[PDB]
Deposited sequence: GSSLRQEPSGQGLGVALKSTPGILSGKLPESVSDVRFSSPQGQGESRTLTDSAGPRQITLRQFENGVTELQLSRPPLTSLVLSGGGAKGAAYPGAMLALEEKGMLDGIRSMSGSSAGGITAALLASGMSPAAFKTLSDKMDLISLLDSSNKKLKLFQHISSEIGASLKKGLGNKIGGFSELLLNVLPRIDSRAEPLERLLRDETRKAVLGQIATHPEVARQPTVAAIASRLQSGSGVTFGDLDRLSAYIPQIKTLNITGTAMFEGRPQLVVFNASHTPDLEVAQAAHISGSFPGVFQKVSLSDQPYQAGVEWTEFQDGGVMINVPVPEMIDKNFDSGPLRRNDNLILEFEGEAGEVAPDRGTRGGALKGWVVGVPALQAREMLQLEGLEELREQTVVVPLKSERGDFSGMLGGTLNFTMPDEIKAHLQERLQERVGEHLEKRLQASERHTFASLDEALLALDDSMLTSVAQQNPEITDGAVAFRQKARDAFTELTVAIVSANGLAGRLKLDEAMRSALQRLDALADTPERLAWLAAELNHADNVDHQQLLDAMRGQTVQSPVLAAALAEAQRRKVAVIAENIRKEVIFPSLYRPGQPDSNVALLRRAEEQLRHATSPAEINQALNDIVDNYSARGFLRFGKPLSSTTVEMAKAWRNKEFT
């Protein structure tokens, strides 16, 4: 449990390295295998070292502030220029960049976007010539109420987005014919704006449509609050509405009844996800103005660009172009290292593709691992046929037992049992989840199922903790008046919460706060409220 910062002596007998560390000469088991250049080195004492190309660029995080979003098309060009704009599957922006990523997710081609930003850098500057639950669902519920429907910004975005999305639909007439798509474009042509729900729904068909996450931080009661608009929380709300709402510098709370601050801290946009193993699944290009994903690893993924005329804005679309150009080729020559305590552990860390690559190249190494993977993938289907045919009529019939028996047989080391449990936890997999939800709290014959169930509850507990961090801590932690004493307490509650494995530990987090926070009331209430609810 690591340490974060920013007379003769009687002998100590024999001492190992608590982590795995290669000792002695290494042989190379597999050199550069596959698209992701898998290298395996193995040492005299077993320890296997994995080296592998940086993950695929699948995400774009756009940080807000200022008005300077006339530089933004610099990058956009740099992306299609080197041709990895296709490869993006997600876009995330706050404040001023909140609008920009809207435009882009909507499917606005690189050249298309620019001309708009050259009549936008007027508008973005003229809007600066203008200038229980939480403060999230009480926004999520205040929208349909007393808010002026469509402004100059809402209209313009509504249309920009609606053009891109509708345009892509046509270039791809193979998808246009699919019911659900043709349902969406008849909505769009009726005058409706693009939602997240469908930006999402369209990114599965066409790869030039991207998902959207717009983050923003609203002051209430001196206490900044995180607010998220994305496919999951605000699915049918319109992309235009949100990007404008998060245009609101500090914004009015309608007075509804019962470094600096404009920054949403970078890591509050990047997503928490449960990867089956120690491998990161993707990379972020983080554009900024002026598996704890650390400062140091985030720096590595962040390029930071250094009354506006029309030629200085070009300059800025060149400086950016060029930095976001060197990065992308450099990032192509850098790596990831992961150290394991055994070969099989490191073959477990690879997805089936990667495994298959190493296998092509050096089959002597992997035959065991491919054998195991094959049997697991079989047993997991076999188990799914069971779950489904049981709905035909909860009760673990024999067929599930048999497949759980087949899985139990594969878990002949602690490493593989862990892998088999995680595999059975994929939130995405409705049928497996169907079964874990059912055996929740139960004692089961099968070890694998027993693992999987425990793993499930750990996750349940982690989201609860994460929710509390976001709504009891985050607001206090960044209250401007906050005496350092108070900050110390909460920076500690965060630590407690990070490592919380059981509801009881979560309770203790909150009590530490109730017992020790000096109103020097609300945070304390807030906490009390979390402590009593299930």
Subject >> Sequence ranges without modelled C-alpha atoms (deposited numbering) >> reply: 7 to 26, 152 to 174, 302 to 318, 351 to 383, 400 to 417, 505 to 507, 635 to 644, 659 to 660
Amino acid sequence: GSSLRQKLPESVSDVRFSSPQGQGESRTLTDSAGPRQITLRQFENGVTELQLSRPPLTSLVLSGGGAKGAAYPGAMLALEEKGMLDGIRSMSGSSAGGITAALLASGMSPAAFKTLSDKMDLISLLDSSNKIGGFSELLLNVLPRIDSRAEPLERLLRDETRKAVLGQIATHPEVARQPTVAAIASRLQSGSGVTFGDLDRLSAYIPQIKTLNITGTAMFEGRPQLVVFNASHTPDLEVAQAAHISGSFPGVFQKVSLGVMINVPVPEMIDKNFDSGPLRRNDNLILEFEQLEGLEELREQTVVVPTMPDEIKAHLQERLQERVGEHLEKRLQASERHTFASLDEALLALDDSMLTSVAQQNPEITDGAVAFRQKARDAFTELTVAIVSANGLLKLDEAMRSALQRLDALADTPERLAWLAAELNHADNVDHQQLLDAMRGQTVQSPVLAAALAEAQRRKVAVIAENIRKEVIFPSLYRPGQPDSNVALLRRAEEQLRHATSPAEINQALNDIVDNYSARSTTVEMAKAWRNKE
From here on, numbers count along this sequence of modelled residues.
Subject >> Average Cα temperature factor in the PDB entry - higher stretch of 224 to 232, 310 to 318 >> reply: 310 to 318
**OP:** Averaging the C-alpha B factors as listed in the entry, name the stretch that ends up higher: 201 to 209 or 408 to 416.
**Re:** 201 to 209
**OP:** By the entry's C-alpha temperature factors, tell me which of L77, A451, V239, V358 sits highest.
**Re:** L77
Original post:
Out of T443, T366, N141, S342, which residue has the highest Cα temperature factor in the PDB record?
Top reply: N141
Original post:
Can you tell me which third, lowest, middle or highest, the CA B-factor of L29 falls into for its chain?
Top reply: lowest
Subject >> Chain-wide C-alpha B factor ranking for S2, given as lowest, middle or highest third >> reply: middle
Subject >> Ranked C-alpha temperature factor of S13 among modelled chain residues, by third >> reply: highest
**OP:** Using the B-factor values recorded in the entry, state whether the Cα atom of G66 falls in the lowest, middle or highest third among the modelled residues of its chain.
**Re:** highest
Original post:
If you rank every modelled residue in this chain by C-alpha B factor, which third holds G294: lowest, middle or highest?
Top reply: highest
